[PDB]
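Colleague: Any chance you could fold what I've pasted below:
(7 chains)
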Amino acid sequence: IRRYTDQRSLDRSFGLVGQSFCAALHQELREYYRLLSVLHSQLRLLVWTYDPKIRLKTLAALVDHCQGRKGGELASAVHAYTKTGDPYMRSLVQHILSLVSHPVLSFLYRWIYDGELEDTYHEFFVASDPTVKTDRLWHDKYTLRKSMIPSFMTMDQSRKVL
Amino acid sequence: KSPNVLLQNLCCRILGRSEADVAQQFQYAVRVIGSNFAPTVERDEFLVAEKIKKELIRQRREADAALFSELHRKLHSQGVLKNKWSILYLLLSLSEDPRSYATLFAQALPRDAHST
Amino acid sequence: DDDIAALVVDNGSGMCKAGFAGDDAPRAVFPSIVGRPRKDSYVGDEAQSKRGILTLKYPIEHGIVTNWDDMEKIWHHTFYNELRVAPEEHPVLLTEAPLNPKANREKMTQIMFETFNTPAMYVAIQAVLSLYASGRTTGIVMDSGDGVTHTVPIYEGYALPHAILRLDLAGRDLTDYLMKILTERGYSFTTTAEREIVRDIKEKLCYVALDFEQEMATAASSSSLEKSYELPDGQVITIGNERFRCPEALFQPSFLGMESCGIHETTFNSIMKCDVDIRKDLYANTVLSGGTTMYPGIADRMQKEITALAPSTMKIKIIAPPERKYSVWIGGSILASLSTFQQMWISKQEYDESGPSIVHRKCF
Amino acid sequence: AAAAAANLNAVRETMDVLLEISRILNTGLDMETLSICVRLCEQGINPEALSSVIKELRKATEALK
Amino acid sequence: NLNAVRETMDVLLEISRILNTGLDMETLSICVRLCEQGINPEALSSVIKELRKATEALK
Amino acid sequence: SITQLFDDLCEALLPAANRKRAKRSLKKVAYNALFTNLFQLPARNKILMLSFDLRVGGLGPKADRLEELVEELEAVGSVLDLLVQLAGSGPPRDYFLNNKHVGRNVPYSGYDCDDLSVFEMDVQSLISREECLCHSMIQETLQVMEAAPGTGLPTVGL
Amino acid sequence: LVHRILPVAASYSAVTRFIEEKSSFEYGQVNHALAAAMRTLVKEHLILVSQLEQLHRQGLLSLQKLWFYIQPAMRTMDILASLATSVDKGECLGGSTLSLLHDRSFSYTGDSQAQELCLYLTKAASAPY
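Modeller: Residues are numbered from 1 along each chain as shown, chains lettered A, B, ... in the order given. Structure data below:
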């Protein structure tokens, strides 16, 4: 987790969703350095680390699933662990799921009202077609790219916005 | 008492009207008095006595300026008053002659050379 | 708690409500009927169903105990056969309708102490429990129940006897007035079965006007306020015009010919016979209560009439709960549940030291 | 007490000295309104800020007259 | 009338936020509708602090 | 309308995880606390007397807002009479704090290190939560990890 | 650990040079007010460092503390350093250096850290134009 949140912060080719996923990972990282901040001044480290052995274990699975993932594939790699029945893991994965969910709903304020379209970086579902504006801009100008459909939306929510 | 109800006692003393008559003035008074509850300048009562002396010279009564020294003695004799500076500065601010340059002469230090 | 539990019985006119203190509804429900040859020792489903060949009577139906044998018998069968409990494990709270005599309460405590042998006892009054359910303890309560009406002022927590006004109104005269208007109109009605069917429709289907003038105007242009009810009993009886006019006759009594004073004037006189400095504070709590719960549409009309009565030099505040039917019950169920209220609950020892009639005086 | 009244006697003196200084400066404040302003002066006050309000309410005791 | 009291209630939310009150939206709605009927509000200020305290004794 | 909102108030103080009788017992304690106290000067001026108490302890614009809104609310007073007594029952940079670089305002101010020192407290107030967390995660887990056996977490008490 | 902290120091040591250099009269007039608004976020970075050093006197600061403290500044100052080197690399003044702000306020809108900075720099830089 310390390697991942540094490497994709020197890469500005990780897009508008990845640069929010990393920002959430920074705040998750902040707590296990609170621990390493207190621990060196006190110098057991067995009793104290039983509860960080569970949280960091989950964080590694979250990092490994989301390697090189952005767009609507990060809407189904961080939301893939909120479908658990334990409210403790729901609370842990939240403050990451909110921060990855906000770019998806930022693109949907400029395509529910007028604004800038998002497929210059392929993280939204619309694949526009240039030079067709005579009458086919009401029929066939917007293909539904299936790979970036968010799985915290259904089809009726990820289309009829179009 | 508590200062906030004491402001209301003031607004009933000076006006012959109650607080139910006019409340624009009490709001404007709250705008003035609030954030001015602490003297951020020096509180020397000596300077304030020497300003009443200049004031009574400006009204051409040297006998009143020389009885003022006995009255300024009496404050020293009792000494039970806590801020002698404030009450004389208040009575000086409401000065009146029973019958120009005043900012050019002595005023208390600003505390812009000290942390306020 | 782990102490010996308390008990609350509200012996009414329509039904008898027994129950344990601190319950949601009454824990157990009987009829108030005491059958005799027109069983002789039974109250229940059989006693209400065999009411055609047995006597139909209730102990309080006028604000006062009409028959005493009826009272002792309904109280003994509800304590002995419904609850199945014994008096030594249950102190009981009794209730009376407003302006019940001190000597009646003396007789009541005496018979409950000797033939029944309660270990401790309490007798209360009706409208104070109704106000305690409404979450205040000082105010004016207009209680028109099932045999009796009173405009009770209550200040400091107990009623003022100079200023409590007795009024002769009940829901009985309303069902009676329905009987009178249908029989004068030319429709056959003298019978008990159709009285129960019109009582059921009066509880459920009723809707009452906001004003005397406007609803007669809308019925005068062309009448349509009919909510059609075809009952599964087999009878078809509904007229939308008549039912908003039936309780409306308390506003002007000469509509019915009623001897009792009008409601507006009675409230005005009740505020007039109270103390003048406490006048504003007492009129700032007006309460719904009693058998006049036929529909809460009259409550809006009552609030409008009290707004029209009140000046700008007084305050109104009308509390308007739809807790107006079981109000007497839930009051006593609140009171006897508490352990600090035991200081106003009278024991056996104090009943022996200070006599029977002190239950009238300690109650507050 | 008694020692709480000798102090208050020595305060009554001081208030009369401030009363002389009040009357030769001819403030419109009488003995009662001045007793509000001394209580204000005990709690800490900026009399430039009190003086700006009193110079307006004294001109607004005659504005609605 | 309901359009007016809704707007006045929406304005009443912000000033109960900066005066640091114990109210949220529900006790604001109940107590503003209670004040609309009209009783002495100086006693309502004590009954509210008693209602929350007496619920908190159960928890 | 009051009788439905007091019901909603009793719905909120009921914890929603039966639970149809507990609401009525909370109604019992609710009325039992309502009639306890009932057994035993303009509106806006009460706002003015506290806006003064606001102004003495800093925070000018909050008092500036508080006085203008009640002016247009008097152009309902019982609500403000309710609010002046509930004002102590509550809870227990951007680009403008000392911005002297941009703006069409004159840069002309002297030093006192008591505008900047409460700009060091504007950061320290964030840090005083974010430092109490580092103390209060190890003490909160060392008070639960160490106990007597069999009474160490109440799930073994089932 | 100190290698990992070096990016926010790099995006400070190369921004104050820009703030000094582009406040001369040979650099447009909107390119002035751009660099004049890069001083609101340098004040915070200086006061934070001072606060940590005054904590260090009593014995209440270590290196891991600094490393988790500087996590938002590592993003915000880096965006400014990229803006500085892009203005210097080309010849951007006037509407062209106001093009870059209006573009960068779009190139990250989902972040709300790299929107808000540019959304202020836009309104502050374009006072003359």
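Colleague: switch to C-alpha atoms for all contacts and neighbour counts from now on
Modeller: Will do.
Colleague: Tell me who's in contact with residue C:122.
Modeller: C:92-94, C:345-346, C:359, C:363 (CA atoms under 8 Å, 6 or more residues apart in numbering or on different chains).
Colleague: Show me those that map onto helices.
Modeller: residue C:359 (DSSP state H).
Colleague: out of the contacts of residue C:122, which one sits closest to chain F?
Modeller: residue C:363 (15.6 Å; CA to the nearest CA).
Colleague: In contact with that closest one, which residues are there?
Modeller: By CA under 8 Å, 6+ apart, the neighbours of residue C:363 are C:122-124, C:344-345.
Colleague: again with residue G:84
Modeller: For residue G:84, the contacting residues are G:15, G:18, by CA under 8 Å, 6+ apart.
Colleague: What is the three-state secondary structure of it?
Modeller: Look at residue G:84: counting by DSSP: H, G, I helix; E, B strand; the rest coil, its state is helix.
Colleague: How about residue G:5?
Modeller: helix.
Colleague: how much space between it and residue B:15?
Modeller: 67 Å (CA to CA, to the nearest Å).
Colleague: ok, now residue F:37?
Modeller: Applying CA to CA, the value for residue F:37 to residue B:15 is 38 Å.
Colleague: now residue D:28
Modeller: Residue D:28 is 12 Å from residue B:15, by CA to CA.
Colleague: same question, residue B:31
Modeller: Residue B:31 is 19 Å from residue B:15, by CA to CA.
Colleague: Would you map the helices across chain A?
Modeller: A:2-7, A:15-42, A:52-65, A:87-93, A:97-107.
Colleague: Give the burial count for residue G:60, as a bare number.
Modeller: 11 (other CA atoms under 10 Å in any protein chain shown).
Colleague: That one belongs to a strand?
Modeller: No. Counting by three-state DSSP, residue G:60 is not part of a strand but coil.
Colleague: For the residue nearest to residue A:5 when sequence neighbours are not counted, give me its contacts.
Modeller: In this structure, residue A:5 finds its nearest non-sequential neighbour in residue A:22, 5.4 Å apart by CA to CA, 6 or more residues apart in numbering or on different chains. Residues near residue A:22 by CA under 8 Å, 6+ apart: A:4-5, A:8-9.
Colleague: excluding its backbone neighbours, what's nearest residue A:95?
Modeller: residue A:24 (6.6 Å).
Colleague: Centre-most residue in chain A?
Modeller: In chain A, the centroid-proximal residue (CA atoms, centre = their mean) is residue A:100; its distance is 3.1 Å.
Colleague: Neighbours of residue 105, how many?
Modeller: I'll assume chain A. Neighbours of residue A:105 (other CA under 10 Å): 13.
Colleague: oops, I was thinking of chain G
Modeller: Neighbours of residue G:105 using other CA under 10 Å come to 19.
Colleague: what does residue F:131 give?
Modeller: Quick note: residue F:131 (other CA under 10 Å) scores 14 neighbours.
Colleague: contacts for the helix or strand it falls within?
Modeller: Per DSSP states H and E: residue F:131 is located in helix F:117-135. Outside helix F:117-135, the residues within contact range by CA under 8 Å, 6+ apart are A:34-35, A:38, F:93, F:97, G:47-48, G:51.
Colleague: from these, which is closest to chain D?
Modeller: Taking the contacts of helix F:117-135 together and measuring to chain D by CA to the nearest CA, the closest member is residue F:97, at 26.5 Å.
Colleague: Please report how far the closest one lies from residue F:116.
Modeller: 9 Å.
Colleague: same question, residue C:29
Modeller: 75 Å.
Colleague: Can you report phi and psi for residue A:138?
Modeller: phi -100, psi -20 (degrees, to the nearest 10).
Colleague: Okay, and the one residue in chain D that gets nearest to chain F sits in which element?
Modeller: Of all residues in chain D, residue D:45 sits closest to chain F, at 11.1 Å by CA to the nearest CA. Using DSSP H and E, residue D:45 is not contained in any helix or strand.
Colleague: can you pull the contacts of it?
Modeller: B:36-39, B:86.
Colleague: now the closest residue in space to residue A:105 that isn't next to it in sequence: how far from residue A:117?
Modeller: In this structure, residue A:105 finds its nearest non-sequential neighbour in residue G:110, 8.0 Å apart by CA to CA, 6+ apart. Residue G:110 is 13 Å from residue A:117, where distance means CA to CA.
Colleague: what residues are shared contacts of these two?
Modeller: residue A:107.
Colleague: If you compare the directions of the helix holding residue F:131 and helix A:15-42, what angle comes out?
Modeller: 70 degrees (axes from the mean of the first three to the mean of the last three CA atoms, to 10 degrees).
Colleague: what's the distance between helix F:117-135 and the middle of its chain?
Modeller: 19 Å (CA atoms, centre = their mean, to the nearest Å).
Colleague: How about stretch B:7-27?
Modeller: Using CA atoms, centre = their mean, the mean C-alpha position of stretch B:7-27 is found 21 Å from that of the whole chain.
Colleague: next one: stretch C:254-264
Modeller: Here stretch C:254-264 shows a centroid-to-chain-centroid distance of 20 Å under the convention CA atoms, centre = their mean.
Colleague: Please apply the same query to stretch A:66-76.
Modeller: 6 Å.
Colleague: Do it and chain G come into contact?
Modeller: No. Counting by CA under 8 Å from any CA of the partner chain, no contacts exist between stretch A:66-76 and chain G, the nearest distance being 11.4 Å.
Colleague: for the most centrally placed residue in chain F, what are its contacts?
Modeller: Chain F has residue F:91 as the residue nearest its centroid, 2.8 Å off, counting by CA atoms, centre = their mean. For residue F:91, the contacting residues are E:20-22, by CA under 8 Å, 6+ apart.
Colleague: Tell me the most packed of the contacts of residue D:45, by neighbour count.
Modeller: residue B:86 (24 neighbours).
Colleague: what sits against that residue?
Modeller: Counted by CA under 8 Å, 6+ apart, residue B:86 has contacts B:43, D:41, D:45-47.
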